[PDB]
Amino acid sequence: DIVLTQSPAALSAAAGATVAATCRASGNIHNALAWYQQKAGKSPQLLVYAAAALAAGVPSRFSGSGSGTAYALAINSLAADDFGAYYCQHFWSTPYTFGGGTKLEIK
Amino acid sequence: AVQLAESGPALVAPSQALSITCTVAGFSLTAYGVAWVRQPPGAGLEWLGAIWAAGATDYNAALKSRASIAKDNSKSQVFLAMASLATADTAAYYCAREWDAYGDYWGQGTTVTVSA
Amino acid sequence: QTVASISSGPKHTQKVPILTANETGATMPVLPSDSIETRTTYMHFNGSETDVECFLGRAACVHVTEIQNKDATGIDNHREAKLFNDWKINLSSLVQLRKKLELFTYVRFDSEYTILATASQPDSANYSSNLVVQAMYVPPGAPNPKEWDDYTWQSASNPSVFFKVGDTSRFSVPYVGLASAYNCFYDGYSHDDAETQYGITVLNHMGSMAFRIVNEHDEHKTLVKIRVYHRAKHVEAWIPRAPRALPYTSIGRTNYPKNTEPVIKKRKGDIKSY
Amino acid sequence: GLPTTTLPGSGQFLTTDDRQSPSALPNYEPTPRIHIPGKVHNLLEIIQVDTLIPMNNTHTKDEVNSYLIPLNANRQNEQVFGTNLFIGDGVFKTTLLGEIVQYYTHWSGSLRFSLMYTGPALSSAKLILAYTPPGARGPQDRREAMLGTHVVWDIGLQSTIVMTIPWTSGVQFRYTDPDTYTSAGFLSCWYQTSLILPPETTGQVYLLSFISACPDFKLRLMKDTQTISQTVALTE
Amino acid sequence: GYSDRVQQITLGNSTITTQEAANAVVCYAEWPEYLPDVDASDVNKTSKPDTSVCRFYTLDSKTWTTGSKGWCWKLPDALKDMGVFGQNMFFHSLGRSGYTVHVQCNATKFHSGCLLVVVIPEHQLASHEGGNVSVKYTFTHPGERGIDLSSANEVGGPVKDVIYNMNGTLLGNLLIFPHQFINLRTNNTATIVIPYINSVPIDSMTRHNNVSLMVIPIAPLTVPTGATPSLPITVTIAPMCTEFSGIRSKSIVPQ
Amino acid sequence: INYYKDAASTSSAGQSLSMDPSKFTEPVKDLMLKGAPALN
């Protein structure tokens with residue numbers, strides 16, 4: 001079963017900065033990977049499906065990239081809305097395991 | 001409007017049977033699959049399983065011998081059932097909808113605490 | 001009289017026409033009669049309009065240019081002032097005929113040109129001028145005009161046509177390609193050189209048309225737009241190609257702009273939705 | 001001098017006229033026709049060639065994955081894909097059939113729809129490819145789908161099914177532009193049994209969808225395409 | 001007996017067998033032929049160096065690894081350093097040739113993936129800058145190595161987006177060109193026999209490429225668990241009915 | 001009736017009468033019959 005390694009556990013940053021969360025995979029995911037954000041006390045919200053494509057209503061500063069086994073969620077000009085735990089999940093070949101998670105703390 | 005309302009007992013003794021319903025609005029369960037994902041507080045998301053758009057279920061590889069997902073198409077309800085509850089099952093249980101085979105349209109969840 | 005579908009009943013057979021292998025690179029000509037029960041219908045249809053003589057053989061606007069009729073005193077080059085204007089003939093400047101022609105890599109046709117001239121006086125005219133346009137077909141190697149009234153417009157061997165503005169011209173030109181067809185595409189160079197241009201060839205060179213107003217000038221300034229319409233005829237086309245998906249950027253090049261919009265339309269929904 | 005009367009439309013330039021005209025190059029002898037392979041006489045020849053359908057157009061960008069229809073392992077009774085059969089729009093708009101269709105206003109005749117299976121040779125699947133003719137909606141449970149025109153496709157040594165979309169129309173011609181009166185119906189694939197993968201293989205296998213025209217295909221009333229457009233004239 | 005999937009192609013002293021094959025493609029149903037007198041304009045007697053040039057030349061093998069976008073070769077350019085064929089190509093001003101292109105990719109019955117093997121006559125490449133920017137000579141003439149479509153854009157190079165076929169046309173519409181598929185469950189080889197396709201009877205072989213061979217992964221390579229995520233793709237090209245005309249000194253191309 | 005001496009001056013040729021899609025749809029070496037197995 002495919003095990004997703006998400007890095008790092010946390011990044012303390014400020015608004016306007018550029019943040020890159022990285023998700024690695026034990027097996028080849030073939031871009032069948034999703035990115036979730038989660039604010040405090042909220043349901044997880046799908047940001048980037050298919051490892052590169054933004055979801056509905058997701059603002060154009062999030063950008064998924066990567067293929068094969070290395071996947072990277074980059075935020076260009078982070079804003080105040082963009083704070084919380086971030087998750088990677090693969091949707092290649094059940095079980096659809098998650099990553100470890102990545103927090104973002106206000107600097 | 002696509003809505004998925006989780007509804008559980010929210011407080012259950014251990015070594016019992018757990019049961020969460022996901023009441024579905026805005027779509028039919030014959031056409032979309034439903035995924036289950038939990039989140040214990042502090043810890044990250046764990047995928048529990050998925051019932052697909054017709055009956056076939058895939059489960060978390062650690063929890064397969066105790067979790068079970070069923071549904072009722074005519075009632076638009078999805079039934080997560082867990083057995084032999086440990087205190088690691090204390091989580092916020094979410095239900096999703098199959099969206100390009102990804103998980104989306106997450107409900108508000110139910111906090112289910114396993115305690116005595 | 002031509003059969004569209006044949007009558008077919010229930011088959012329970014080992015000869016299976018609808019299972020094949022497209023790894024062979026072939027499209028098997030599977031009929032509807034091969035997998036459903038059909039009735040006899042007739043075509044009533046020859047296919048005469050999807051013929052390439054009919055497809056590529058109607059007049060498309062290929063060039064729109066400006067020339068002027070004004071007083072040429074002290075004007076140095078007479079070309080920037082648009083007292084004359086020449087055009088290197090191509091079917092690649094305006095993209096509607098281009099996408100029809102770049103469906104093939106080789107095409108051979110007799111050309112038919114219809115040249116329409118329309119006048120306009122945007123300021124200070126007491127009347128509309130009755131003007132004559134000279135359209136001089138200038139093959140490569142002929143002296144190009146530098147003045148609107150120099151020796152080159154005598155056109156002793158250049159074919160030239162005079163027509164009134166508002167009226168139109170019409171003349172045919174034969175297939176003037178160097179090769180047996182025109183190259184719509186050219187995976188090559190003129191010669192073996194590190195800096196020579198790619199793809200642009202003289203294998204689709206068709207000549208040039210120089211345009212001037214034969215009249216001197218009036219008090220007012222007359223803007224004459226010249227629109228060239230090309231109709232291909234006796235069309236022979238070879239090697240059908242993939243259709244152009246992206247917007248063109250240049251004549252004679254297959255280039256497309258950076259950061260262009262996606263040409264495949266995204267669904268509203270999943271792959272399961274209708 | 002012959003007495004003549006000059007009719008309406010004299011001095012007009014209809015761009016579709018086919019008349020004679022004086023040659024600007026008298027006595028010009030053009031280059032000989034050598035034999036070039038691949039000569040096209042008629043566009044109904046080359047739309048009978050299958051080309052890949054970008055049927056997974058669920059991505060924000062155009063890539064190779066638009067052509068790949070994903071199959072999944074533990075799936076009974078579900079849907080693989082679905083599309084309406086407006087062949088001058090949607091998934092068909094950019095195919096070779098759908099690009100030449102957009103030069104014409106009316107179409108008639110049957111469509112050739114192929115699916116190539118691409119998974120491992122030790123895998124297996126049964127799929128049911130359904131054509132729903134118009135007047136009904138797009139089918140939703142595979143029971144609604146097999147009431148229409150369908151092919152049950154067992155996947156084996158021959159990786160390609162060829163479904164025809166037969167000409168199921170009361171009107172003799174359909175608009176290539178999407179019009180509701182003259183819609184062609186719906187196309188959908190469903191898991192007929194499931195996809196069984198061999199051991200040591202996992203994940204999704206893909207289908208490649210193809211579209212072409214049957215020999216009864218008709219096209220008429222040539223028109224411009226909405227595919228290509230232009231703002232300024234191009235230069236060298 | 002009559003196995004359509006087991007073929008032998010012998011050209012010269014070179015032989016290719018395949019046991020898992022589709023039917024070969026003869027492009028536009030014309031087999032290669034020599035230039036007849038009715039089409040010829042060049043008055044030189046052509047040299048037809050049959051067994052020494054009309055033979056298989058195996059190129060360098062490409063590694064297909066799950067994120068491979070594709071590869072493009074140019075003919076006659078991918079054979080410009082290949083034996084006697086490459087020498088006649090530079091010592092003559094004119095030359096025409098057909099080709100038997102044979103692309104090879106074996107796997108197991110556990111592998112999946114699909115290669116579009118396609119021959120495009122006069123695949124004029126697009127510059128990645130757009131505008132009126134040309135592609136330089138050395139990028140359109142890469143030789144045996146070909147163009148790797150997974151590589152980055154270089155200054156003066158072509159665009160390498162495989163979805164737009166390096167020319168502004170979509171990938172799915174390449175099947176109008178004579179093509180095959182190496183679908184790994186079906187065949188491990190693709191054979192395409194190309195005639196001489198040009199608007200001139202004979203041509204310069206150094207300034208111009210007649211056809212392009214593109215080997216494009218459509219469906220991605222999925223290997224079984226524990227396998228290396230890599231399949232070699234080997235391309236073997238043989239000239240066919242090859243004429244050469246206008247013998248002079250050896251031409252000097254760039255690089 | 002042609003009113004000019006040049007063959008370029010004439011109008012269109014008409015229906016081309018060939019309509020052979022087999023060089024594009026079946027450009028294969030060995031003849032694959034419809035109904036037969038493609039590869040044996």
Side-chain angles (χ1 to χ4, degrees), chain A residues 1-5 23-33 51 67-71 89-98, chain B residues 47 49-50 52 56-65 101, chain C residues 23, chain D residues 65 68-76 80 116-127 154-159 191 193-208, chain E residues 19-20 63-68 104-115 181-189 217-233:
Chain A
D1 290 328
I2 299 165
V3 182
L4 259 54
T5 297
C23 185
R24 293 179 184 271
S26 67
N28 206 149
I29 294 305
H30 296 276
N31 288 313
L33 182 134
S67 64
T69 61
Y71 294 98
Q89 190 181 8
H90 72 93
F91 286 86
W92 184 266
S93 179
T94 55
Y96 288 158
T97 69
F98 282 98
Chain B
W47 186 76
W52 290 110
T57 57
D58 288 328
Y59 295 104
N60 198 2
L63 301 176
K64 185 173 76 176
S65 293
Chain C
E23 292 87 0
Chain D
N65 291 114
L68 296 175
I69 303 168
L71 290 173
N72 290 304
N74 198 10
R75 307 296 184 90
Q76 295 182 3
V80 178
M116 182 191 284
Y117 180 77
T118 318
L122 288 173
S123 69
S124 64
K126 289 180 188 292
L127 296 174
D154 180 66
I155 296 173
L157 274 70
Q158 294 167 0
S159 61
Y191 291 99
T193 55
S194 68
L195 170 70
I196 307 296
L197 288 178
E200 298 295 326
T201 69
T202 196
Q204 305 178 3
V205 308
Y206 295 105
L207 295 173
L208 274 67
Chain E
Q19 306 198 15
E20 188 180 354
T63 310
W64 170 33
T65 62
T66 69
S68 291
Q104 301 163 355
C105 184
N106 55 9
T108 57
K109 305 289 190 70
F110 291 88
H111 286 82
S112 64
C114 201
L115 292 168
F181 289 97
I182 297 173
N183 190 358
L184 295 175
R185 79 187 309 271
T186 298
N187 53 348
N188 57 14
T189 57
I218 304 299
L221 180 64
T222 305
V223 301
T225 300
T228 58
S230 302
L231 265 62
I233 295 172

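Quick note on labels: first sequence line is chain A, next is B, and so on, each numbered from 1.
Summarising the geometry, atom OG belonging to E:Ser230 is positioned 8.0 Å from atom CG belonging to E:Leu221; distances are rounded to the nearest 0.5 Å. Going from atom OG of D:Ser123 over to atom CD1 of D:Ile196 covers 9.5 Å, rounded to the nearest 0.5 Å. The structure places CG of E:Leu115 at 8.5 Å from CD1 of E:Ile218, a figure rounded to the nearest 0.5 Å. From D:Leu197, atom CG reaches atom CD of D:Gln204 across 10.0 Å, with rounding to the nearest 0.5 Å. Interatomic distance, E:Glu20 CD to E:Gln104 CD, rounded to the nearest 0.5 Å: 12.5 Å. We find the OG-CG distance between D:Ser159 and E:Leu184 to be 11.0 Å, quoted to the nearest 0.5 Å.
For residues 106-115 of chain E, every residue pair satisfying the side chain to side chain donor-acceptor pair (under 3.5 Å) rule, not counting sequence neighbours, is listed here: E:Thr108-E:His111.
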Check: Would E:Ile182 and E:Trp64 count as a side chain to side chain contact (heavy atoms under 4.5 Å, CB included) if you check the C-alpha gap in whole Å, the side-chain angles of each, and the deciding distance to 0.1 Å?
Finding: CA-CA 12 Å; E:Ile182 297 173; E:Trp64 170 33; 5.9 Å; no

Next item on the list: Run the numbers on D:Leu208 and D:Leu68 for side chain to side chain contact (heavy atoms under 4.5 Å, CB included), then give the verdict.
Entry: CA-CA 6 Å; D:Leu208 274 67; D:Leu68 296 175; 3.8 Å; yes

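For the side chain to side chain donor-acceptor pair (under 3.5 Å) test, no residue two or more places apart in sequence or in another chain qualifies with E:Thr65.
Between the side chain of A:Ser26 and the main chain of A:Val3, a donor-acceptor pair closer than 3.5 Å is present. A donor-acceptor pair is defined here as one N or O able to donate and one able to accept, closer than 3.5 Å; such a pair exists between the side chain of D:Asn74 and the backbone of B:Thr57. With hydrogens and angles ignored, the 3.5 Å screen pairs a side-chain donor or acceptor of E:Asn187 with a backbone N or O of E:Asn183. Not one N or O on the side chain of E:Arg185 forms a donor-acceptor pair closer than 3.5 Å with the backbone of D:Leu122. Under the 3.5 Å distance criterion, the side-chain polar atoms of D:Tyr191 are left unmatched by any main-chain donor or acceptor of D:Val80. Between the side chain of A:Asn28 and the main chain of E:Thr222, no donor-acceptor pair closer than 3.5 Å is present. A side-chain donor-acceptor contact under 3.5 Å links A:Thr97 to the backbone of A:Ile2.
Counting heavy atoms from C-beta on, the side chains of D:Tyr117 and D:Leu207 come closer than 4.5 Å. Contact check for E:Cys105 versus E:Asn188: no side-chain heavy atoms found under the 4.5 Å cut-off.
For the residue pair E:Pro224 and E:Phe110, the shortest heavy atom distance occurs at CG-CB, 3.7 Å. Residues A:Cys23 and A:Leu33 come closest through the heavy atom pair SG-CD1, 4.2 Å. What you find for A:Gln89 and B:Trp47 is that their closest heavy atoms are NE2-CD1, 3.2 Å. Listed here is the closest heavy atom pair of B:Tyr59 and A:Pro95: O-CB, 3.9 Å.
Partner of D:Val205 under the side chain to side chain contact (heavy atoms under 4.5 Å, CB included) criterion, out of D:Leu71, D:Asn72, D:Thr118: D:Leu71 alone.
Ring pair A:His90/A:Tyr96 is perpendicular by interplanar angle, where above 60° counts as perpendicular and below 30° as parallel.
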